[PDB]
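**Student:** There's a structure below that I have some questions on.
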Amino acid sequence: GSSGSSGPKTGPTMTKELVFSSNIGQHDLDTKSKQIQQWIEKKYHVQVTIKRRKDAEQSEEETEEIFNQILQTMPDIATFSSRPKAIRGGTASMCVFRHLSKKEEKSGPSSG
């Protein structure tokens with residue numbers, strides 16, 4: 001049996017932001033995502049920004065991974081609102097996560 005209805009609320013005009021280093025591991029990153037997910041729920045615009053070392057020995061393709069690693073948790077609840085790009089000269093990347101404008105929700109009760 002299930003019981004719990006908070007109420008239909010799109011939420012006020014607020015924006016969230018998240019900043020961390022690539023060093024973050026799976027154990028840690030796991031938490032970072034959870035937080036973002038909860039936000040997206042209320043259609044909260046979350047701005048993510050990955051920071052890399054002084055020209056670390058890695059290409060952009062690597063910096064793109066982290067991003068996906070996060071969206072891989074909310075692939076049916078969130079989407080690449082704003083494609084990630086090279087910011088601050090490429091040393092870092094910025095992106096945002098939003099809700100699936102499409103009628104696709106694989107979380108919660110059988111939406112119908």
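Naming scheme: A, B, ... for chains in displayed order of the structure tokens; residues 1 onward per chain; ligands 1 onward as shown.
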Write out as a ChimeraX atom specification each polymer residue whose atoms come within 10 Å of residue 23 of chain A, counting only C-alpha atoms; drop sequence neighbours fewer than 2 positions from it.
**Tutor:** /A:20-21,25-26,28-29,50-53
**Student:** Please return, as a VMD selection string, all residues of segment 62-92 of chain A that DSSP assigns to strand (DSSP E) on the basis of the backbone.
**Tutor:** chain A and resid 79 to 87 92
**Student:** Print the selection's residues with N, CA, C and O atoms to a file, as a short mmCIF file (atom, residue, chain, number, x, y, z; two decimals), in the first residue's frame.
**Tutor:**
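In the end it all went to again_26.cif:
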```cif
data_model
loop_
_atom_site.label_atom_id
_atom_site.label_comp_id
_atom_site.auth_asym_id
_atom_site.auth_seq_id
_atom_site.Cartn_x
_atom_site.Cartn_y
_atom_site.Cartn_z
N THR A 79 17.14 15.85 -18.64
CA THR A 79 17.82 15.81 -19.93
C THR A 79 18.83 16.95 -20.04
O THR A 79 18.81 17.89 -19.25
N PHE A 80 19.71 16.86 -21.04
CA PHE A 80 20.72 17.88 -21.26
C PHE A 80 20.08 19.21 -21.65
O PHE A 80 20.10 19.60 -22.82
N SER A 81 19.51 19.90 -20.67
CA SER A 81 18.86 21.18 -20.92
C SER A 81 19.73 22.08 -21.79
O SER A 81 19.26 22.64 -22.79
N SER A 82 21.00 22.21 -21.42
CA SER A 82 21.94 23.03 -22.17
C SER A 82 23.24 22.28 -22.43
O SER A 82 24.06 22.12 -21.52
N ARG A 83 23.42 21.83 -23.66
CA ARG A 83 24.63 21.10 -24.04
C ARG A 83 25.86 21.71 -23.39
O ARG A 83 26.03 22.93 -23.34
N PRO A 84 26.75 20.85 -22.87
CA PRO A 84 27.98 21.28 -22.21
C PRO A 84 28.99 21.87 -23.20
O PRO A 84 29.16 21.37 -24.31
N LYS A 85 29.65 22.95 -22.78
CA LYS A 85 30.64 23.61 -23.63
C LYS A 85 31.89 23.96 -22.83
O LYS A 85 31.87 23.95 -21.60
N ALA A 86 32.96 24.29 -23.54
CA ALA A 86 34.22 24.65 -22.89
C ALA A 86 34.19 26.09 -22.40
O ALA A 86 34.19 27.03 -23.20
N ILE A 87 34.17 26.26 -21.08
CA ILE A 87 34.14 27.59 -20.48
C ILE A 87 35.48 27.92 -19.82
O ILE A 87 36.30 27.04 -19.58
N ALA A 92 37.41 24.32 -17.98
CA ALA A 92 36.24 23.75 -17.32
C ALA A 92 35.04 23.71 -18.27
O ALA A 92 35.11 24.22 -19.39
#
```
**Student:** By how many Å are atom CA of residue 78 of chain A and atom CA of residue 91 of chain A apart?
**Tutor:**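 Calculated distance between atom CA of residue 78 of chain A and atom CA of residue 91 of chain A is 25.7 Å.
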**Student:** Write out as an NGL selection string which residues come within 9 Å of residue 18 of chain A when counting only C-alpha atoms, dropping same-chain ones fewer than 4 positions away.
**Tutor:** :A and (32 or 36 or 46-50)
**Student:** Report as a list in words all protein, DNA and RNA residues lying within 10 Å of residue 45 of chain A, evaluated on only C-alpha atoms, omitting residues in the same chain fewer than 6 positions from it.
**Tutor:**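 Here the answer would be residues 13, 14, 15, 16, 17, 36, 39, 81, 96, 97, 98 and 99 of chain A.
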**Student:** Would you mind reading off the distance between atom CA of residue 4 of chain A and atom CA of residue 41 of chain A, one decimal, in Å?
**Tutor:**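 So the answer is 15.9 Å.
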**Student:** So what do you get for atom CA of residue 102 of chain A versus atom CA of residue 67 of chain A, distance-wise?
**Tutor:**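 Here the two named atoms are 21.1 Å from each other.
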**Student:** Run DSSP on the backbone of this structure and report the residues of chain A it assigns to helix (DSSP H, G or I), as a PyMOL selection string.
**Tutor:** chain A and resi 26-41+60-71+88-90
**Student:** Fewer than 3 positions away in the same chain doesn't count, so skip those; otherwise give me all residues within 10 Å of residue 107 of chain A, counting only C-alpha atoms, as a ChimeraX atom specification.
**Tutor:** /A:74,76-77,104,110-111
**Student:** From the list A:43, A:60, A:69, A:8, which residue is nearest residue 101 of chain A when using only C-alpha atoms?
**Tutor:** A:43
